[PDB]
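Single-structure report; data block below.
Derivation of every value follows stated rules applied to the coordinates shown; laboratory data play no part. Every residue, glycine as well, gets a Cβ built from its backbone with ideal geometry; the counts of neighbours run over all protein chains shown.
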Amino acid sequence: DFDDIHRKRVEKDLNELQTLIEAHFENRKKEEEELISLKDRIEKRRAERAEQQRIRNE
Amino acid sequence: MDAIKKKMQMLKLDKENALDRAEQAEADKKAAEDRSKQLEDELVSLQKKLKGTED
Amino acid sequence: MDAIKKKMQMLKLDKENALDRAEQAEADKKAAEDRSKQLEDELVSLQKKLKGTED
């Protein structure tokens with residue numbers, strides 16, 4: 001019936017929506033991984049600046 | 001987020017359709033039972049008329 | 001989280017409530033319809049015996 005096609009329509013709506021939800025999940029997740037690697041190289045930069053600054057000060 | 005809203009919308013479409021069907025079925029029951037009871041009353045009046053004819 | 005769970009469960013409960021109510025209403029509708037059919041069938045014969053009585 002009209003309820004059947006309405007149900008299939010909201011169904012495929014839920015499907016595409018959860019698909020895009022998991023999709024942006026993955027995208028923002030990759031972005032968070034990149035940002036974590038950024039923080040890691042950042043702490044590497046902190047440590048290297050600290051050691052070279054300390055050498056200069058020595 | 002994104003998918004969560006769409007899933008909620010699906011859950012709401014199911015809500016509206018189920019609630020509408022329930023209300024329509026309840027109206028159907030009311031109408032059908034009123035029909036049946038009016039027919040039963042007509043049957044009763046026919047029984048009484050038959051009784052008068054028998055007298 | 002917290003909100004998603006409670007809202008989703010409440011909405012699914014609403015859908016299930018409406019569905020079961022509709023099923024009960026339709027069952028009573030079918031039973032009343034069949035009883036009404038029985039009333040019609042008996043009323044016709046009541047009319048026939050009344051007509052013979054009147055003759």
(request) Please report, in debye to the nearest 20, how large the charge dipole of the protein assembly as shown is about its Cα centre when each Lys and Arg carries +1 at its beta carbon and each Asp and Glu carries -1 there. (result) 1240
(request) Consider a paramagnetic label point 7 Å from the Cα of residue C:40 along Cα→Cβ; state which residues of the stretch B:17-55 have an amide N under 13 Å from it. (result) B:35-36, B:39-40
(request) List the distances, in nm to one decimal, from the label point of residue B:40 to the label points of the same position in every other copy, shortest first, placing each label point 7 Å from Cα along the Cα-to-Cβ direction. (result) 1.8
(request) Calculate, for residue A:4 and residue A:29, the FRET efficiency according to 1/(1 + (r/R0)^6) with r their C-beta to C-beta distance and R0 25 Å; round to the nearest 0.05. (result) 0.10
(request) Taking chain B as the reference, fit the longest principal axis to its C-alpha atoms, fit the long axis of helix B:3-54 to the helix C-alpha atoms, and give the angle between the two in degrees, 0 to 90, nearest 10. (result) 0
(message) Give me the one-decimal Kirkwood hydrodynamic radius in Å for chain A, with the sum taken over alpha-carbon pairs.
(response) 15.4
(message) Projecting each Cα onto the charge dipole of the protein assembly as shown (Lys/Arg +1, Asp/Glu -1 at the beta carbon, about the Cα centre), which of A:24, A:10, C:19 comes out farthest on the positive side?
(response) A:24
(message) Over all directions, the average projected area of the alpha-carbon convex hull for the protein assembly as shown comes to how many nm²?
(response) 14.7
(request) Give the Cα extents of chain B along the principal axes, in whole Å, largest first. (result) 82, 6, 5
(message) Explain nothing, just the number: dipole magnitude of chain B about its Cα centre with +1 on each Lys and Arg Cβ and -1 on each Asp and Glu Cβ, in debye rounded to the nearest 20.
(response) 380
